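Chains as they are written, first to last, in PDB author numbering: chain A, 0 to 222; chain A', 0 to 222; chain A'', 0 to 222. A prime marks a further copy of an entry chain.
Here is the structure we will look at.
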Ligand SMILES: [Cl-]
Ligand SMILES: [Cl-]
Ligand SMILES: [Cl-]
Ligand SMILES: [Cl-]
Ligand SMILES: [Cl-]
Ligand SMILES: [Cl-]
Ligand code: NA
Ligand code: NA
Ligand code: NA
């Protein structure tokens, strides 16, 4: 009963953690979760039950927060559009999300990803595509397109110099600032276009639904 | 000849390192060691030859040492039994072990595992089972049951607050103490029951015997 | 056009990064690069385009630099030869290399590898062979034998005490110096002999050639 006050909605940014499918196609269709997915759902259960946050956040994520405004401005000038940070979190019965930029005029979501350094930044188009696949940003965009009724998403990978306050004793000013400022700004944005894929949105639904059932079972053990 | 003063007995806590079997069933039956097993046996050889200890020990293992008495008391009250720390190391021709608790009245070994934090602690029954499998504690218990002539083992995963002296500059008091003290103690013990499995004990024998032959070969190279 | 001032030659020490072959034999023969190889070539492209050095160097590599002379002396006394550090970097159309020791009298390259500690040092012959395979030193030697017209290479893995200036606050004087000085020096050199393999040299050619084409494509995206 207490456990009807616990209910899982998966953040769009965490959907890649639970989206994976069993290698067995019959188990995929039966809605069995992968070991990775279960491990992620346990972290979500332990956060909601105990307040323990597995991923605190660090200099990488703090850089994106500090440069968020600058990223959105670059997204805008690259497209000749006056863009603003979206400030609403939406949700449906499965997921919740707060996108960076919503452009209703083009049925378009834009998301800015502020790379840490030249090494991690995907300058090259194959590199950007893979990074979006490996990091799960493709699935994240499908979640935003679902919540915002959009037809496309564009992930703007952007490299700015690292703000001084985030460069630790062991980090390099030369690498994280000087070398970056030498590169023309137009070469430091790489965009990956993701088309809405309703079969993928249906997959998000199936996987999240299986995750919520597993989550409920976890909650019941602690009740 | 000098090398007849080197002889491998594998600690119960390290048996998981050498227990793995080749994917090839014919090689398993021929007693071939896996690459993992060989790598572990080299560490054992280099410790006995050179005094170099690969695994020093750290805040995680120090927590278990500091809270060992408290763990055993919780193991006892959970069962209505007055339990004491076992203080003998036993050995046979293959392995050596010192269990935490021996209950001859029930042909039972108990082992306490003091989790570091909420994240690493297996609250959930599937989680505890997997942790015992992944960490090799199931095989460790088979080794103690062999040495102590017991029919069952119970692994008590227990979460206590982290002692202040073990919380580094970068660790969280809030997470490692405050959040833990909010959780009822009865929800911070999860027990996994392992039945004695004589086929597994025979596997320990085979694998350790192959390890000892490999070890002897390593010793001979340095002689 | 600017991009005709960018040209990839792979260092012998990095050849293992790009030498891997697709699991598909038809793709291997078509000259397709593995994902690992592509990832390495991107790091090379970003270094030449932006000056960003992915691998800076650390206490492990600094130890080898400091003890380079001592290593070469041990290589020499082990063989009864007066050896000197080779000081030329050679190159051909594919690779560049600077070997440690060239012995034209024996059509022989020697390379010294200064292990960090007892744990990482390959005392055992199987261990040394695997380390040379895992680290890619076998392929590195094929590259030097190609550049220096030699028939064989010998990799001398050598363990000396770690110089004091490289032992960090958290490192052990006892382990990195005292325990090492107790071991006879003749037990702290393990040599692996690599025969010239012209089929492997042809493989280096094919793989580097595919890498250079991929590299050129990366350069063109940034031009
Ligand atoms: Cl989100
Ligand atoms: Cl990044
Ligand atoms: Cl033990
Ligand atoms: Cl733990
Ligand atoms: Cl080189
Ligand atoms: Cl090393
Ligand atoms: Na973003
Ligand atoms: Na224990
Ligand atoms: Na060398």
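Quick reminder that beta carbons are idealized off the backbone N, C-alpha and C, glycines included.
Can you give me the start and stop residues for the alpha helix (DSSP H) that residue i sits inside?
i, result
"residue 251(A'')", "A query on residue 251(A'') cannot be resolved here, the shown segment of chain A'' reaching from 0 to 222 and no further."
"residue 17(A')", "14-18"
"residue 156(A)", "First-last for residue 156(A): 151-157, but that is the beta strand (DSSP E), not the alpha helix (DSSP H)."
"residue 96(A)", "No alpha helix (DSSP H) contains residue 96(A), which is instead part of the beta strand (DSSP E) from 94-96."
"residue 138(A)", "136-147"
"residue 226(A)", "No answer is possible for residue 226(A): the residues shown for chain A start at 0 and end at 222."
"residue 185(A')", "Here residue 185(A') belongs to no alpha helix (DSSP H), and DSSP marks it neither H nor E."
"residue 74(A')", "67-78"
"residue 25(A)", "24-28"
Tell me the residue span of the beta strand (DSSP E) that contains residue i.
i, result
"residue 100(A'')", "100-102"
"residue 177(A)", "That residue, residue 177(A), is in no beta strand (DSSP E); it is neither H nor E in DSSP."
"residue 189(A'')", "188-194"
"residue 218(A)", "From DSSP, residue 218(A) is part of no beta strand (DSSP E) but of the alpha helix (DSSP H) over 197-220."
"residue 166(A'')", "Run containing residue 166(A''): none; DSSP gives neither H nor E here."
Let me see if you follow: with CB-CB separation under 8 Å, is residue i close to chain A or not?
i, result
"residue 56(A'')", "no"
"residue 73(A')", "no"
"residue 117(A')", "yes"
Under a CB-based cut-off of 8 Å, is residue i close to chain A''?
i, result
"residue 256(A')", "Since the first residue of chain A' shown is 0 and the last is 222, residue 256(A') is not available in this structure."
"residue 45(A')", "yes"
"residue 10(A')", "no"
"residue 41(A')", "yes"
Answer yes or no: does any C-beta atom of chain A' fall closer than 8 Å to that of residue i?
i, result
"residue 174(A'')", "yes"
"residue 122(A'')", "yes"
"residue 178(A'')", "yes"
"residue 0(A'')", "no"
query = Below 8 Å, can you find three or more Cβ-Cβ pairs linking the region 24-31 of chain A to the region 205-216 of chain A?
reply = yes
message = Three or more C-beta pairs under 8 Å: does that hold for the region 13-22 of chain A'' against the region 80-96 of chain A?
response = no
ask   = What does the shell around ligand 7 hold, if a residue joins when its beta-carbon is under 6 Å from any heavy atom?
value = 99(A), 110(A), 111(A) and 112(A)
request  = Would you check if the region 54-61 of chain A'' and the region 142-157 of chain A'' touch, i.e. whether three or more CB-CB distances between them fall below 8 Å?
outcome  = no
Within 7 Å of chain A'' by C-beta, residues of the region 124-138 of chain A in sequence order = 124 and 126
inquiry  = Residues around ligand 4, please: the ones whose beta-carbon is closer than 5 Å to some heavy atom of it, in chain order.
reply    = 114(A'), 115(A') and 119(A')
query = If you pair each beta-carbon of the region 160-167 of chain A'' with each one of the region 181-196 of chain A'', do three or more pairs fall below 8 Å?
reply = no
task = Closer than 7 Å, Cβ to Cβ, to anything on chain A'': give me those residues from the region 204-221 of chain A, in chain order.
result = none
message = Output needed in chain order: residues of the region 182-201 of chain A'' with a Cβ under 7 Å from some Cβ in chain A'.
response = 182 and 186
inquiry  = With three or more beta-carbon pairs closer than 8 Å as the criterion, would you say the region 147-159 of chain A'' touches the region 38-50 of chain A''?
reply    = no
query = Pairing CB atoms from the region 104-113 of chain A'' with CB atoms from the region 211-222 of chain A'', are three or more of them under 8 Å?
reply = no
inquiry  = Run the Cβ filter for me: residues under 5 Å from any heavy atom of ligand 5, listed in the order they occur in the chain.
reply    = 10(A''), 11(A''), 12(A'') and 96(A'')
task = Indicate whether the contact test is met: 3 or more Cβ pairs, each with one atom in the region 112-124 of chain A and one in the region 185-201 of chain A, closer than 8 Å.
result = yes
inquiry  = When you compare the region 72-80 of chain A' with the region 152-161 of chain A', are there three or more beta-carbon pairs, one atom per stretch, that lie closer than 8 Å?
reply    = yes
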